[PDB]
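Chains as they are written, first to last, in the deposited numbering: chain A, 2 to 217; chain B, 2 to 217; chain C, 2 to 217. What follows is a single structure, written as structure tokens, with notes after it.
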Amino acid sequence: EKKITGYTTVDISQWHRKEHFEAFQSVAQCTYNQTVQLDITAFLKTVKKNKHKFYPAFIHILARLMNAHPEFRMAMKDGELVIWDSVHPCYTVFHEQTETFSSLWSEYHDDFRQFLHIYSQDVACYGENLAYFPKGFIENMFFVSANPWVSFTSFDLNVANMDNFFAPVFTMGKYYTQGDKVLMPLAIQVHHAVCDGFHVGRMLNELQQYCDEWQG
Amino acid sequence: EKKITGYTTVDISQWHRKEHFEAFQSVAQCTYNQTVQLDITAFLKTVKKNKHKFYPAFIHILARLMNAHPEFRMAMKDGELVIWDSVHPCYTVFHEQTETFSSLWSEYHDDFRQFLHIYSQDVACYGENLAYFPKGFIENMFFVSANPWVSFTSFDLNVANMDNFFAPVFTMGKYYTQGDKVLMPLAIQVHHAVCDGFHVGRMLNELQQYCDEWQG
Amino acid sequence: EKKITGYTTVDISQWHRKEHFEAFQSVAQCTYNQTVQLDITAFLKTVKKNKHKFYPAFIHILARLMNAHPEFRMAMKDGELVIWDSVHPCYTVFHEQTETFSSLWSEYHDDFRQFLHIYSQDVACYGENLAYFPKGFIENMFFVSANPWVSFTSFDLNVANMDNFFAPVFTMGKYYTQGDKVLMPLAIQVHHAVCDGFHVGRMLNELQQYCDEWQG
């Protein structure tokens, strides 16, 4: 083994969002959640036409977006701002017997068949390990918390200590029938310093785009 | 004369969540609010069939569900995690004339006919008292906030401080008519140190049944 | 040359919310977000029957409401609670070319035709200024955020440090068709020391009212 990942030191002075970040780092600091009833009618039907189940598929669709726009791949290094070359999904796995949950991460690959292979190998392996973090944390990761129990009309996350916490969090809900369409609640949490409403806003339209494309 | 109530000094060692809690009490502490659009088509009918004001009937279903699951009835006592043997509801009552509000609790009984009687006797007495807390704090209590004004799609409660804030908060909304169906918005505020999305999920799942079941 | 706009200073002893404020400024201090699925059917058609841009007309209504109820026009001055005679709308404007946003404020007027003149000029003058605040801070203002990217079911704003931060914050979304009605997602965040659920409640019910009366 041996690694090293996407350092991309951004100098904040040549940045077109220099004071925006500056202000939301200090006095105006805040995170924010928005939630959408997401059309998944075509996604689900094409995910059921294949023998895969709706999770790694969706994980992948998000991971793709997170690995398109650098505004989601930002964190704090040695007192400096960086952009990871890649970000990997840290999803929740539930334990029926003990009623607890573990969060674990797979390695992201653009090719869906490659990624699902990594995912399946990881979940078929650690899916029954009771360690809170069975594979531990990793520098370059974003989060997806499954919430399959509830068809929520809002999921707000409310962090105590948000300092430099830029890594975005997705919470996803219990899908439901409504008209012809099958809708499914999805929520994001992002630190305002690294995401203007515009950024979050377009990614939720490309998420709507990619769910109507294919499995991955 | 005296009272003395509640306690089950939980050892962190044996607990199936020792690290979930530990990490959610420092490093990555937070709370989370989720909201749902609740079917009360069956509840409302049964409640309107009998001489019962809506409010106290709901406060009771919320009561039952708190006193079923150890996870809600948790608080930090003398520097330790305990689970109170029971938890009593603390509901808001509005003052017309002054346009302020008061929260007042009623001792919880599993038998509904008992509780509504203590609730009546409580509000008949204090409902026109202008004290913010006409009866005061009670170690072992959860919250219900009346919000009959807005048919809300979201309601986040954003605590400025959450250290050992474990007692949950409910907020119920202006119900309304839909497709032969009647829906009403509810929200929970919980601390992720004592409440995984699972617990909170099933408690909203039982809330459906208990509402599609009798008054109490 | 010189300004000086007046407060209406509040003494905490005579005020009917003397401990609602004191408590919600200390131990129980918090902010809260609620979102509504606002009906703008009437407000839209009447906007489109005139040659008026939607944004400024809405901004107007919001201010009309803000400047109708003192509870939204409260801030800290010199360790003292005050009430601004009037409060002005601080709205955002987006820049396509640089993918950032700037916030600027127009001076409020009851007369819609007057306000639109002042708005239109402010936007025609500063709309292409790449400065985060081309006009800047003014004590007596409330906030609006354009989020026309997403028909959100929930917008929650999770400010880091809420100390005395009383200025209310609106966020409006991508309006959408839904059977003979056109709904527009809207959210308010307010500080509970100056806004009870009832205060925010009626303001949204009058908001619905004005959106069914005229443009302004």
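Even for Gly, the Cβ is constructed at its ideal location relative to N, Cα and C.
Reduced DSSP category for residue i - H, G, I as helix; E, B as strand; rest coil
i: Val-195 (chain B); result: coil
i: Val-37 (chain C); result: strand
i: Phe-25 (chain C); result: coil
i: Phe-44 (chain A); result: helix
i: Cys-212 (chain B); result: helix
i: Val-201 (chain C); result: helix
i: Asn-206 (chain A); result: helix
Cβ-Cβ separation, residue j to residue i (assumed contact under 8 Å), whole Å
i: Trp-85 (chain A); j: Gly-137 (chain A); result: Not a contact, Cβ separation roughly 17 Å.
i: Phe-166 (chain B); j: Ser-146 (chain B); result: Incorrect: roughly 15 Å between the Cβ atoms, too far for contact.
i: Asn-68 (chain A); j: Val-83 (chain A); result: The Cβ separation is near 15 Å, so there is no contact.
i: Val-160 (chain C); j: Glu-72 (chain C); result: The pair is not a contact, with the Cβ atoms about 19 Å apart (cut-off 8 Å).
i: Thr-101 (chain A); j: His-17 (chain B); result: 5 Å
i: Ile-13 (chain B); j: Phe-22 (chain B); result: 7 Å
i: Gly-198 (chain A); j: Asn-148 (chain C); result: 5 Å
i: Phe-144 (chain B); j: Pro-186 (chain B); result: Not a contact, Cβ separation roughly 16 Å.
i: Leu-66 (chain B); j: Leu-208 (chain B); result: 6 Å
i: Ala-76 (chain C); j: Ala-168 (chain C); result: 6 Å
i: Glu-108 (chain B); j: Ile-119 (chain B); result: 6 Å
Close-in-space but distant-in-sequence residues of the same chain around residue i (CB under 6 Å, 5 per side omitted)
i: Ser-155 (chain A); result: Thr-36
i: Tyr-211 (chain C); result: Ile-62
i: residue 1 (chain C); result: The first residue shown for chain C is 2 and the last is 217, placing residue 1 (chain C) beyond what the model contains.
i: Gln-190 (chain A); result: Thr-32, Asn-34, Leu-158 and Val-170
i: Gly-180 (chain C); result: none
i: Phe-95 (chain A); result: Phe-102
i: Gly-217 (chain B); result: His-61 and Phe-113
i: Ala-64 (chain B); result: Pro-90 and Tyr-109
i: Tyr-127 (chain C); result: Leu-105 and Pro-135
i: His-200 (chain C); result: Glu-72
Cut-off 8 Å between Cβ atoms - residues of its own chain near residue i, not counting five sequence neighbours on either side
i: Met-163 (chain B); result: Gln-30, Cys-31, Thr-32 and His-192
i: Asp-213 (chain A); result: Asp-40, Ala-43 and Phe-44
i: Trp-215 (chain B); result: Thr-47
i: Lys-19 (chain A); result: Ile-13
Same chain, Cβ closer than 7 Å to residue i, five either side skipped, listed in chain order
i: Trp-150 (chain C); result: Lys-175
i: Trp-106 (chain B); result: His-89, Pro-90, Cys-91, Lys-136, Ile-139 and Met-142
i: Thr-99 (chain B); result: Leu-131
i: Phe-59 (chain C); result: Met-173
i: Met-204 (chain B); result: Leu-66 and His-70
i: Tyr-133 (chain A); result: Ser-103
i: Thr-10 (chain B); result: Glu-81 and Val-83
Test: residue i CB closer than 7 Å to a CB of chain E
i: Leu-131 (chain C); result: No chain E appears in this structure, whose protein chains are A, B and C.
In chain order, what residues of the stretch 82 to 99 of chain C put their CB closer than 7 Å to some CB of chain A? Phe-95 and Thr-99
Please list the segments of the beta strand (DSSP E) lying wholly inside the stretch 153 to 192 of chain B, counting only runs of 3 or more residues, in order along the chain. 153 to 160, 170 to 173 and 183 to 192
At what residue ranges does the stretch 46 to 129 of chain C contain a whole run of the alpha helix (DSSP H), taking only runs of 4 or more? 55 to 67 and 113 to 127
Along the stretch 101 to 130 of chain C, what residues have a CB closer than 9 Å to any CB found in chain A? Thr-101 and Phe-102
Interface residues of the stretch 150 to 165 of chain C facing chain A [CB-CB below 8 Å]: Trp-150, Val-151, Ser-152, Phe-153, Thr-154, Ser-155, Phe-156, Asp-157, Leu-158, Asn-159, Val-160, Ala-161 and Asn-162
Closer than 8 Å between beta carbons: that is the criterion. Which residues of the stretch 25 to 57 of chain B meet it against chain C? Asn-34 and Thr-36
Taking a cut of 9 Å between CB atoms, which residues from the stretch 179 to 208 of chain A lie near chain C? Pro-186, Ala-188, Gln-190, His-193, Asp-197, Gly-198, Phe-199, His-200, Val-201, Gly-202, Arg-203, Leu-205 and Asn-206
What residues in the stretch 129 to 149 of chain B bring their beta carbon closer than 7 Å to a beta carbon of chain C? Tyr-133, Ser-146 and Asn-148
Proximal residues, the stretch 4 to 21 of chain B versus chain A, C-beta separation under 7 Å: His-17, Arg-18, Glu-20 and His-21
Could you name each continuous beta strand (DSSP E) segment of 3 residues or more that falls completely within the stretch 131 to 156 of chain B, going from the start of the chain to the end? Within the stretch 131 to 156 of chain B, the complete beta strand (DSSP E) runs of at least 3 residues are 142 to 147.
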